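Residue-level structural notes
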Amino acid sequence: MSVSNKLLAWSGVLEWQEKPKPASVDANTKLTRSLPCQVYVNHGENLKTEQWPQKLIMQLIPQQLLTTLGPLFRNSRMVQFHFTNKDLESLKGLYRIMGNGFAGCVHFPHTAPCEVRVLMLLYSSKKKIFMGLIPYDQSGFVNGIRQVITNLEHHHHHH
């Protein structure tokens, strides 16, 4: 009833890494930060969110290289992220990053037989909200993201 634009599907915490590479010589692999969110799905997509872990792993990767995965987004489920503003400072910092053309690739922890599926988080300033599509095939999407991550690490413009 009424709710037809976006359906509330999940509410959980996301943990984001600024800098992802577990280098082995780097045993303490960077700082991960958590932020609570409410996740809606954009219509047509029937999935069960109780099957989702309460933390999802997201890495900020450049949206510029994500363009290469463009046609793969045509087979995905839509989501929208609205954050539970506990820490506006954390949001503000994240706004800078995701608004600068960083995308949050969300990987789901293992619970489903393979690796679930994978999700992309994009900030839309126009809607002032976060949007994203989740591709079913983790293999192709993660493969593309692996390229982005390995390139990003090779580049390393992080501080």
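Residues numbered from 1 in each chain as written, not as in the entry; some residues may be left out. Heavy atoms only, no water.

If you check the header, you'll see the entry was determined by solution NMR.

**Let's talk about the overall build of the chain**
Secondary structure summary: the chain contains two helices and seven strands in total. The order of α-helices and β-strands along the chain, N terminus first, is β-β-β-β-α-β-β-β-α. Over its C-alpha trace the chain gives a radius of gyration of 15 Å, about what one expects of a compact globule, namely 15 Å for 159 residues. Expressed as lengths along the three principal axes of its C-alpha atoms, the size of the chain is roughly 55 × 35 × 30 Å. Burial analysis of the chain (159 residues in total) assigns 39% to the buried set. The contacts in the chain between residues at least 6 apart in sequence include a share of 72% that link residues at least 24 apart. Looking at the chain as shown, the accessible area adds up to about 9600 Å², and 51% of this sits on carbon and sulfur atoms. (Helix = DSSP H or I, 4+ residues; strand = E, 2+ residues; numbered from the N terminus. Rg over C-alpha atoms; globule rule 2.2 N^0.38 Å. Buried < 20%, exposed > 50% of the residue type's maximum accessible area, 1.4 Å probe, protein only. Contact = heavy atoms within 4.5 Å. Areas by Shrake-Rupley, 256 points an atom, 1.4 Å probe, with all protein chains shown as cover.)

**Overview of the side chain of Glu 153**
Looking at the secondary structure, you find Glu 153 in helix α2 (residues 138–155). Setting aside residues no more than four positions away along its own chain, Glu 153 makes contact with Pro 20 and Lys 21.

**Quick look at the sheet that holds strand β7 (residues 129–135)**
Strand order in this closed barrel of seven strands is β1-β2-β4-β7-β6-β5-β3, and the pairing throughout is mixed. Sheet twist, expressed as the mean angle between neighbouring strand axes with direction ignored, is 35 degrees. The sheet contact formed by strand β5 (residues 102–107) and strand β6 (residues 118–124) spans four bridges and is antiparallel. Bridge pairing in β6 places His 107 opposite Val 118. Strands in contact with helix α1 (residues 88–99) are β1 (7–17), β2 (32–42), β3 (55–62), β4 (76–83), β5, β6 and β7; relative to β6, the strand with the most contacts, it is inclined by about 95 degrees. Packing of α2 onto the sheet brings it into contact with β3, β5, β6 and β7, and relative to β3 it is tilted by some 55 degrees. (Pairing = 2+ DSSP bridges. Axes fitted to C-alpha atoms, helices over the stretch in contact; angles between N-to-C directions.)

**Details of the packing of aromatic side chains**
Enumeration according to the criterion identifies eight aromatic pairs in this entry. With a centroid separation of 4.6 Å and an interplanar angle of 35 degrees, the aromatic rings of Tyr 123 and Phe 130 are classed as tilted. Like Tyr 123, the residue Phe 130 is buried in the burial classification. These aromatic residues form a ring-pair network of at least three members: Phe 81, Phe 83, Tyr 95, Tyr 123 and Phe 130. (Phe/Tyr/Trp six-rings, centres within 6.5 Å; stacked < 30°, edge-to-face > 60°.)

**Section: unusual backbone geometry**
Most peptide bonds take the trans configuration, and most residues that are not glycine carry a negative phi. Notably, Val 116 is not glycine yet its phi reads approximately 65 degrees, a positive angle. Within the element layout of this structure, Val 116 appears in the loop between β5 and β6. A relative accessible area of 27% places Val 116 in the partly exposed class. Residue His 156 is not a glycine yet carries a positive backbone phi of 50 degrees.

**A closer look at the environment of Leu 65**
For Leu 65, the position within the fold is in the loop between β3 and β4. Along the backbone, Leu 65 and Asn 42 are 23 residues apart, and their C-alpha atoms lie at a distance of 24 Å. What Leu 65 contacts, discounting residues up to four positions off in sequence, is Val 148 and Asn 151.

**A short note on the side chain of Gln 17**
Relative to the helices and strands, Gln 17 is located in strand β1. Aside from chain neighbours lying at most four places away, what touches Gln 17 is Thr 29, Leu 31, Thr 32, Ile 57, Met 58, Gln 59 and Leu 60.

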